[PDB]
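Encoded as structure tokens, the structure appears first; notes follow it.
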Ligand SMILES: Nc1ncnc2c1ncn2[C@@H]1O[C@H](COP(=O)(O)OP(=O)(O)OC[C@H]2NC[C@H](O)[C@@H]2O)[C@@H](O)[C@H]1O
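Numbering (the authors' numbering), first residue to last: 3 to 57, 67 to 276.
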């Protein structure tokens, strides 16, 4: 936790100073790209996403979200979109406290926090709502510079990705007070809106994963099935993306989140 906390603090300083020093000694400017990402950040309310809905190579890997994004970005020039497994309540989750989860890693490694911290309406809505289902609100963050690898090392050459920030329902907090089918409907509606936003913004290649299946305690078979219904068997997004990677990095024994996605896809 202490090493992650230190890295998080360094990233915040970097975003303030607008440059960082790579291991070679190269000083890398990022202010322009960060400012662009912030200025282009958009909050989508549920009903706007619903409007977007009125209008493929599939891989499962043990990659982190960022490792998959970096691989895809090196292979072609079209900007990749990545799903941020978001906190409903804090931009970048607990990254500044040294918390260890997917969003926190994104926030330690990129300009994502500068984008999300600029959308207080998203977080205020959920704070007032006080409901663990959260909502279909989504933050779209274009061209966010990514400048660390999985180990926290600064990159000689940063790359840019779009992020889609949407919180999965906190099934852990809900317990058995909603049915499997109710949660499935919430997941399907929300995932459809994530995909609609990605497509709306011209992203043909996506990095998805075990959304909500860690701290939020969702069932990875159900989350994998949710994406499958949308992307496969003549679903609404079948054939609409060029490349979808389910990058599932699961350090628990048996890597069960990854196993569930591998089984389905
Ligand atoms: N970096 C990364 N890449 C890919 N997959 C990952 C990664 N880190 C974890 N995982 C896998 O994805 C699963 C879900 O990750 P998690 O970050 O726990 O997402 P949640 O939606 O359940 O939790 C979110 C909340 N945690 C941090 C945020 O601030 C949100 O509060 C997790 O169980 C792992 O199997």
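For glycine and all other residues, C-beta sits at the position ideal for the given N, C-alpha and C.
Cβ pair residue i, residue j closer than 8 Å
{"i": "residue 156", "j": "residue 169", "result": "yes"}
{"i": "residue 123", "j": "residue 149", "result": "no"}
{"i": "residue 24", "j": "residue 258", "result": "no"}
{"i": "residue 90", "j": "residue 210", "result": "no"}
{"i": "residue 180", "j": "residue 143", "result": "yes"}
{"i": "residue 129", "j": "residue 43", "result": "yes"}
{"i": "residue 242", "j": "residue 255", "result": "yes"}
{"i": "residue 54", "j": "residue 208", "result": "yes"}
{"i": "residue 201", "j": "residue 159", "result": "no"}
{"i": "residue 75", "j": "residue 161", "result": "yes"}
{"i": "residue 203", "j": "residue 264", "result": "no"}
{"i": "residue 36", "j": "residue 51", "result": "no"}
Anticipated Cβ contact below 8 Å, residue i with residue j, distance rounded
{"i": "residue 106", "j": "residue 115", "result": "4 Å"}
{"i": "residue 199", "j": "residue 237", "result": "5 Å"}
{"i": "residue 146", "j": "residue 138", "result": "About 12 Å separates the two Cβ atoms, so there is no contact after all."}
{"i": "residue 108", "j": "residue 7", "result": "7 Å"}
{"i": "residue 94", "j": "residue 220", "result": "7 Å"}
{"i": "residue 19", "j": "residue 30", "result": "Residue 19 to residue 30, Cβ: 11 Å. No contact."}
{"i": "residue 28", "j": "residue 167", "result": "6 Å"}
{"i": "residue 235", "j": "residue 275", "result": "4 Å"}
{"i": "residue 178", "j": "residue 121", "result": "No, residue 178 and residue 121 are not in contact; Cβ-Cβ is about 18 Å, not under 8 Å."}
{"i": "residue 45", "j": "residue 132", "result": "6 Å"}
{"i": "residue 73", "j": "residue 260", "result": "6 Å"}
Same chain only: Cβ atoms within 6 Å of residue i, ignoring 5 sequence neighbours per side
{"i": "residue 96", "result": "113, 114 and 222"}
{"i": "residue 231", "result": "221, 224, 268 and 271"}
{"i": "residue 70", "result": "256"}
{"i": "residue 10", "result": "106, 107 and 119"}
{"i": "residue 38", "result": "154"}
{"i": "residue 13", "result": "119"}
Spatial neighbours of residue i in its chain, beta-carbon cut-off 8 Å, leaving aside the 5 residues before and after
{"i": "residue 212", "result": "92, 151, 153 and 173"}
{"i": "residue 5", "result": "109 and 163"}
{"i": "residue 68", "result": "253, 254 and 255"}
{"i": "residue 185", "result": "143, 144 and 194"}
{"i": "residue 85", "result": "170"}
{"i": "residue 215", "result": "89, 252, 253 and 254"}
{"i": "residue 104", "result": "97, 98, 110, 112, 114, 115 and 118"}
{"i": "residue 233", "result": "191, 194, 195 and 198"}
{"i": "residue 165", "result": "22, 23, 24, 25, 30, 158 and 159"}
Close-in-space but distant-in-sequence residues of the same chain around residue i (CB under 7 Å, 5 per side omitted)
{"i": "residue 251", "result": "210"}
{"i": "residue 206", "result": "241 and 248"}
{"i": "residue 47", "result": "148"}
May I have a chain-ordered list of the beta strand (DSSP E) segments no shorter than 3 residues that lie completely inside the stretch 183 to 265? You should have 216 to 219 and 254 to 258.
Write down every uninterrupted run of the beta strand (DSSP E) in the stretch 146 to 171 whose length is 3 residues or greater and which is fully enclosed by it, in chain order. 149 to 159
Quick check for students: name the residue ranges of the beta strand (DSSP E) that lie wholly in the stretch 88 to 116, counting only runs of 3 or more. 92 to 96
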